[PDB]
Amino acid sequence: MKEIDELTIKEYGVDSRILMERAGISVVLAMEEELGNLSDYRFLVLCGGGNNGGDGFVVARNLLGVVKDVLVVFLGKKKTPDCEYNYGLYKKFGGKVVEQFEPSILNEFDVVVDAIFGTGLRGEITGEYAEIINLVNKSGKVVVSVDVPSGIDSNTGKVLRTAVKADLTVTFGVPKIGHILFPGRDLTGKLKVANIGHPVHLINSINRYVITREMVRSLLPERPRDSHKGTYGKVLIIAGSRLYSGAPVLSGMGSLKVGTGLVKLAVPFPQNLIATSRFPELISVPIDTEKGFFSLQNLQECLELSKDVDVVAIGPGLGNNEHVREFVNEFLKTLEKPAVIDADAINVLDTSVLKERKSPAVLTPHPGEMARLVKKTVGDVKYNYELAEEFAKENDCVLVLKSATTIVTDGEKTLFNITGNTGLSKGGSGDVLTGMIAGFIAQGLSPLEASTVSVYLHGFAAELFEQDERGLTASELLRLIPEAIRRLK
Amino acid sequence: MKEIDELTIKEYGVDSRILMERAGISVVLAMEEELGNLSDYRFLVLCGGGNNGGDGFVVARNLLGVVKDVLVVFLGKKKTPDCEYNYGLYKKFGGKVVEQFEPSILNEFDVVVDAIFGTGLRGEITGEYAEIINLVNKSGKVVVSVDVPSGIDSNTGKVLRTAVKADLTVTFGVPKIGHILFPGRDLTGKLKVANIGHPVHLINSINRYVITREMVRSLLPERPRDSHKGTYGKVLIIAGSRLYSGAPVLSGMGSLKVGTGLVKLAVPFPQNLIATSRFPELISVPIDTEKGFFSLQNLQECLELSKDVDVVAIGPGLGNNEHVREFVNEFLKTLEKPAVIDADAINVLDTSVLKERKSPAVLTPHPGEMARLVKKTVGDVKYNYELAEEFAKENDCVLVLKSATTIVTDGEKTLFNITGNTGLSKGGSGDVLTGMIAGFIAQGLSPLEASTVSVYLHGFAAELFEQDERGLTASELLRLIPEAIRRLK
Amino acid sequence: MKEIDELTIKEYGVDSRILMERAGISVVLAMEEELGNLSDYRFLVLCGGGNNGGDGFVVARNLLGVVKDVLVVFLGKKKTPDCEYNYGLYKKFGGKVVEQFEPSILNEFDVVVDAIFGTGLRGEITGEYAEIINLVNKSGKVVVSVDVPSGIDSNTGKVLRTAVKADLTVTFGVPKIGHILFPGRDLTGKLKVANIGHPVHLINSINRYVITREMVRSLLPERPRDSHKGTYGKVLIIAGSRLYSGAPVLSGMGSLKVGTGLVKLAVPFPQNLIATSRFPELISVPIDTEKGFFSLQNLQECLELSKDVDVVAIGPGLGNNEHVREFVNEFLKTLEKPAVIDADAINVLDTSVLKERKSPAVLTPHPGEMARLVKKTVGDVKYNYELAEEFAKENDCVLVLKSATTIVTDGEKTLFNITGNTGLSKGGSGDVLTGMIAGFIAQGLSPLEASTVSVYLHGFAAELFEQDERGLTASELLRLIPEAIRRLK
Amino acid sequence: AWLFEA
Amino acid sequence: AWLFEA
Amino acid sequence: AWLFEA
Amino acid sequence: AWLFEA
Ligand SMILES: NC(=O)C1=CN([C@@H]2O[C@H](COP(=O)(O)OP(=O)(O)OC[C@H]3O[C@@H](n4cnc5c(N)ncnc54)[C@H](OP(=O)(O)O)[C@@H]3O)[C@@H](O)[C@H]2O)[C@@H](O)CC1
Ligand SMILES: NC(=O)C1=CN([C@@H]2O[C@H](COP(=O)(O)OP(=O)(O)OC[C@H]3O[C@@H](n4cnc5c(N)ncnc54)[C@H](OP(=O)(O)O)[C@@H]3O)[C@@H](O)[C@H]2O)[C@@H](O)CC1
Ligand SMILES: NC(=O)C1=CN([C@@H]2O[C@H](COP(=O)(O)OP(=O)(O)OC[C@H]3O[C@@H](n4cnc5c(N)ncnc54)[C@H](OP(=O)(O)O)[C@@H]3O)[C@@H](O)[C@H]2O)[C@@H](O)CC1
Ligand SMILES: [K+]
Ligand SMILES: [K+]
Ligand SMILES: [K+]
């Protein structure tokens, strides 16, 4: 986007001042749409000395004479050329600027336009800038941020000491990663993406994206009328143990509910019986184990079951011990089918195995599992999209790193999912998603496409829950999947 | 409240007669709000010779000339000063008083205002007072009680031989315990609490309270968007036996339905399988027991499971035998986590164990269990809030004594819950509440706060049942919990 | 009302402080009803040093702890006993009082409670009191006046230099004349009359009243089913001239539209033909005049027409010249029927004629006509209810002095009409009312009753006009009369 | 109507 | 709510 | 109304 | 949708 601006100015020939005018008027129109008629309100515009403040001067100038009151507090020590030109127009148009901020100033205004820092923020905010941002955050006024709430790092979504909490953020051309990852996503409030005149070709060239309704609609597999269960593929789910007898059921129904033709589970006896007592449409094959866990003695039987399926999901509820580790790694080394690898299969995984595999794989860790897998702290991997890109690329896989914003990447293309709510922050919700993914692969979507569609729908199903989100359980999520599909078309 | 009146008069300087006038007019406004326009009705005001009757004379005087008819039956033998002043105004204003009550008197009136005894009731009602109260209770007229239905002991809610059954009770300043505990709660009918001019500081200083919607709303834990299952805590429930295989499922779903991140049950094999056949989102760990019950041989395994959780609930469906007693007491003595202790863990509990424990505990008995625990009769412990306060204080715990009105106390603060209906008078409903409490503790509420929020919501969920309350079962209650949460906000 | 308070305290025995408490709490309840929940608002209570300020201290004290903020500005130099007691309670309860008023004070409050002067106002407001009232009137805050907006003379409704303009006024016991006459009626805003505990017998003894819906409903004549046009009486209207050919039509239809059996007009030929060309249900008798005006040569014919009627209306559109004067005075001297005397019959009237008449009369002047009749200025007679009472008493008549508030009096009983709008401030509207009155007399109501019912209905008909009131014309008013009747029942 | 007339 | 709580 | 009058 | 995406 730095790149996009520069090319639009220097190669396409659009005056920087035209882009700036277009930015500012977008903010005015975005505010009107959100607040209704503006003429009743008093506006306090806070401008830094870079181009973010320049956009703010455009805003302020365009409100002169049309609203109850405008005042600009200019907080910078010097001005970029466009900021200066715009500051000049604001004053020629009769605008009032002050350079000193007093805490009672907020008392006489209804809306704060935050044009202090955008993408040019570097390092922590301290000193007056910070005292001002804290005052705004305590004031309870309506806050509108230009481009990015000041203090959010636009490439990571991290808070650089302190940051503005906005009701509305107006961003230019494309969402920034910092609007999509948390905490930034939270401080952004309602986000509007304004077209300010960049050539559409450049806007489209952007290689990291938000998964949208339209993109999911066009990836959903076709349901031709003349079809049968084989049309829609076969999944095998290798899951469960004497400790975790429910996980397999959640994964199997996840596959069935997204439209898979036939789902079989391989679960240790007698735990396999639990699945068909709840959902008799599932096939649940009993595996004779020694101690209640899968081990090498089960390798041959599971490779046999694998011949008649299109995809195998493995890991939910397996347990994390030596015999499971030996089994999971020998199985995956020999399986010549697409594999969806979750949960305890990730906790015991030898990543050398992924490299030597010809068939594709999707891994679906949460950050605690990802942390253990690559030997880093949870805080080093969380929202770390470059680490995820590098891991996918090195291991030839699709990585689905689950969190409130989920990252889906194969190393070349990275997508961000923002559907969902905290009802998914509960055990079982991941086991459902694993089956969804396996299911869409069985129906013929690629591993990356299956993952894209599944995280969206899984999040959207949670949002359709009728009661308070915290009471949402995995079983109820399963029941909402087909409504999410219907609403998606 | 005796204290509150005295301070408001003697230290704040409010004339006793002003408080009395304010009391009486509250009753008139409360009646109008309930009956609509008063001018059509005929009023029979029954006044004793204390300040309760004084309020009644205020009422009667304020109806003169505005309603179809007013008559006062004065039943006392002498009058307090304010009662006398007010009696004087009633007569100067043209009011009719009689001192002899005749059973046909009721025939010619539509509304009985009961101002015989309020908080000054002492000992049993006998003689004429009683014959009159029985006549009123047989009459089918509309009955409005001033302060407290006459015959209810305002500190206990007990009936002192006989008591008025009111359609409407208007109380002053604060609800009295006798409006909150049964049978008094029942005789009160619809209760209105009138502000009669006490300083708000004094009204607020009152140390025993009704759990309200607002208080529960502000205790509900936050659901930040950037969260995961660990944000919302981990519960272990140690429950069940060969005789009681369903109780654990009810407790575990209670935890999940209030928003807990991860719930594990430890239940004797194969009974542990029942839970995931109904609710596969639950984790249900098989415990190898000798005879179908927990015992000392299971101590080490359960202490191990306890290390990875935030709270442990214990007792539902354990059985009451020697091996369970040994196990429960050694476990609790060694567990260094908050404990929620219910049902059969209470029936075998050695209360010395609670004293020596560093970690907190909540006990949730019904009165039959409380009776056995402190070695008293059911009738001595039922609604005995001072006994509960003393037990909580002595044993350093929170005591939740369940009944139609439930008492929650830690020895310093005591709260009363009035949500619910008779659908909760059915086995299983307590097992749900235990999981709710454990769940809110896991989410970070204190033991007293968790208990406050849980009894309210558990009662409110029951009231949301669509069909007749008597057909409500524990499973249906579970399904209503998230609707109660939503309605609470 | 001065009398009413004193008797209630000194003879009935109600403590002055009880009346004051009741006054103050009325204001709080009146505000809640108008503003909804009060707890969001900040209140500035302005208190003088009399009992009006005493009521204000009651208000302020009762808001402590329940609303966002209360402050009292005490503007007096000393305090009456009740004001002092109440000031004492306000402070003991933690209330803040200041004695110095600063113009920015208004900035931090939402509602001004005006308790500066009530009925104790004497002479003009000047000095600080005035500067404060002007500040409040410029502030655009919500203004609630205790008893009477400060600066209105409660006995006349005149403004004593300056006065508060209230959104809401709460008055005690009865409306005061100053709420009913203008300009006071205008400054009062919405008026609520609170019962503060006076005996109803005293409230009722008040000899000047507002004409209400209920009083008009019970005066409306009966329409027995077995009836005929003679049941409902006969009117003769002597009206019109070569200059004013429409007035008679308006008066005649006024009689017919209120339910009169038979209406005849006596109008100079050919102007009499105009009436039946518009309304052929009217009888319009041609009177042969010399020059287009009634004169002595028409005396005998009009006395003949008078024998067969129950009431005669005279004056609308007659013209004011010598021949009309001679005719009107000889006619009225000889007519032995009830007479309704309007317009130009009033302008030529010799008032000695009213004295010598045995039959009753109603006069319906506007203030310009009343002024000429008693030889005073318009400003001396306007809203001068004592002058009207004296004129009615001396001349044995009913006087209906028309204005936005109309005064109806026979010298003993005086009533005030407040229905209507400025659509009646247009020629023709009086000519309608004259026929209405004549019509109700013909139906058997007394002259005072006929006048009471007519001014109410005439004003109410105007309020039922569908479009903007200024476009209302006499013909449209006629059409609304029967809807007003229907709505009145 | 017990408290207020309008 | 100034007069009554329910 | 900021952009357009009609 | 020409000006804004949401
Ligand atoms: N009904 C059933 O049968 C269910 C069965 N299930 C089965 O349980 C098995 C274990 O799975 P798991 O995620 O609980 O532990 P694991 O993979 O070892 O995690 C590593 C550590 O990371 C942490 N941590 C946990 N979540 C986190 C997060 N979102 N983001 C960040 N950190 C997080 C947590 O650490 P702690 O909280 O202890 O610090 C944890 O120990 C798995 O096979 C699953 O399928 C579950 O699906 C539930 C329903
Ligand atoms: N589906 C399942 O798996 C269920 C399993 N459950 C499991 O059953 C176990 C036993 O629990 P419990 O309450 O039945 O007997 P206990 O604690 O010994 O009570 C002592 C005595 O008090 C009486 N009494 C009973 N209730 C009372 C009351 N509300 N108020 C006053 N008195 C009362 C009654 O005496 P009785 O009626 O015989 O005179 C009773 O004998 C427990 O572990 C529980 O979790 C149950 O939750 C049901 C669903
Ligand atoms: N369509 C028809 O045929 C109509 C015919 N009509 C017939 O016209 C005749 C004259 O009636 P009238 O009221 O116009 O004059 P009159 O009685 O001499 O008044 C004395 C002076 O007082 C003034 N003044 C006027 N109104 C006032 C007021 N409300 N309050 C206070 N002051 C007021 C005004 O003075 P000015 O404005 O000139 O200063 C006026 O000169 C009458 O017979 C009527 O029936 C009218 O009804 C209209 C429709
Ligand atoms: K910004
Ligand atoms: K009572
Ligand atoms: K006043």
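In what follows, chains are A, B, ... by sequence order, proteins preceding strands, each numbered from 1.
- The CG atom of A:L250 sits 12.0 Å away from atom CG of A:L433, with the distance rounded to the nearest 0.5 Å.
- Heavy-atom minimum distance, B:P268 versus B:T289: CB-CG2, 3.8 Å.
- Under a cut-off of 6.0 angstrom, the local environment of CD in B:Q297 is crowded, with over 12 non-hydrogen atoms contributed by other residues, nucleotides or ligands.
- Note: A:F327 and A:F331 have parallel aromatic rings, judged against thresholds of 30 and 60 degrees for the angle between ring planes.
- Rounding to the nearest 0.5 Å gives a distance of 10.0 Å between CZ of B:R325 and CG of B:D344.
- What you find for B:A361 and B:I341 is that their closest heavy atoms are CB-CD1, 3.9 Å.
- The two residues B:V311 and B:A442 make their nearest non-hydrogen contact at CG1-CB, 3.9 Å.
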Practice item. Decide yes or no on salt bridge (charged side-chain N to carboxylate O under 4.0 Å, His left out) for B:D308 and B:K337, but give the supporting numbers first. Key: CA-CA 10 Å; B:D308 305 300; B:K337 293 281 146 93; over 6 Å; no

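- Atom CZ of B:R223 has more than 12 heavy atoms from other residues, nucleotides or ligands within 6.0 Å.
- No side-chain donor-acceptor contact under 3.5 Å links A:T260 to the backbone of A:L256.
- Tested against A:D342 for a side-chain contact (heavy atoms from CB on, under 4.5 Å), the candidates A:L363, A:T434, A:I314 yield a single pass: A:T434.
- Within a 6.0 Å radius of CD in B:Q300, other residues, nucleotides and ligands contribute more than 12 heavy atoms.
- Residues B:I441 and B:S446 come closest through the heavy atom pair CG1-O, 4.4 Å.
- Taking every heavy atom of both residues into account, B:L477 and B:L472 meet most closely at N-CD1, 4.0 Å.
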Practice item. Assess whether side-chain contact (heavy atoms from CB on, under 4.5 Å) is satisfied between B:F294 and B:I287, documenting all intermediate values. Key: CA-CA 8 Å; B:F294 281 103; B:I287 302 292; 3.9 Å; yes

Taking only distance into account, with no hydrogens and no angle test, what donor-acceptor pairs under 3.5 Å do side-chain atoms of residues 478-489 of chain B form with protein atoms, sequence neighbours excluded?
unit_1 : atom_1 : unit_2 : atom_2 : d
B:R479 : NE     : B:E476 : OE1    : 2.9
B:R479 : NH1    : B:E466 : OE2    : 3.3
B:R479 : NH2    : B:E466 : OE1    : 3.2
B:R479 : NH2    : B:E476 : OE1    : 3.0
B:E483 : OE2    : B:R487 : NE     : 3.0
B:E483 : OE2    : B:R487 : NH2    : 3.3
B:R486 : NE     : A:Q467 : OE1    : 2.6

Donor-acceptor contacts, no H, no angles, side chain residues 277-286 of chain B, under 3.5 Å, sequence neighbours left out:
unit_1 : atom_1 : unit_2 : atom_2 : d
B:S277 : OG     : B:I274 : O      : 2.9
B:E281 : OE1    : A:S475 : OG     : 2.9
B:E281 : OE2    : A:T473 : OG1    : 3.1
B:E281 : OE2    : A:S475 : N      : 3.2
B:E281 : OE2    : A:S475 : OG     : 3.1
B:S284 : OG     : B:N272 : O      : 2.8

Practice item. Could you give me the CA-CA distance, side-chain angles and deciding distance for B:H458 and B:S429, then say whether side-chain contact (heavy atoms from CB on, under 4.5 Å) is met? Key: CA-CA 9 Å; B:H458 172 257; B:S429 81; 4.2 Å; yes

Exercise for review: Decide side-chain contact (heavy atoms from CB on, under 4.5 Å) for B:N417 and B:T419; before the verdict, give the C-alpha distance in whole Å, the side-chain angles of both, and the deciding distance to 0.1 Å.
Suggested key: CA-CA 6 Å; B:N417 189 65; B:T419 64; 3.0 Å; yes

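- No donor-acceptor pair closer than 3.5 Å links the side chain of B:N329 to the backbone N or O of B:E326.
- Remark: B:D288 CG to B:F269 CZ distance equals 9.0 Å, nearest 0.5 Å.
- In terms of modelled atom types and a separation under 3.5 Å, the side chain of B:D310 and the main chain of B:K234 share a donor-acceptor contact.
- Atoms OG1 and NZ, from B:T231 and A:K426 in turn, are 12.0 Å apart once rounded to the nearest 0.5 Å.
- The CD atom of B:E330 sits 6.5 Å away from atom CG of B:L299, with the distance rounded to the nearest 0.5 Å.
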**Study point:** Stepwise side-chain contact (heavy atoms from CB on, under 4.5 Å) test for A:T406 and A:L401
**Key:** CA-CA 6 Å; A:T406 288; A:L401 181 64; over 6 Å; no

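- Counting all heavy atoms, side chain and backbone alike, B:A343 lies closest to B:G315 at CB-O, 3.6 Å.
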Scan the side chains in residues 235-245 of chain B for donor-acceptor partners under 3.5 Å anywhere in the protein, sequence neighbours excluded, and list what turns up.
unit_1 : atom_1 : unit_2 : atom_2 : d
B:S241 : OG     : B:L243 : N      : 3.2
B:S241 : OG     : B:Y244 : N      : 3.2
B:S241 : OG     : B:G317 : O      : 3.0

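- Here OG of A:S403 is found 12.0 Å from CG of A:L424. Values are rounded to the nearest 0.5 Å.
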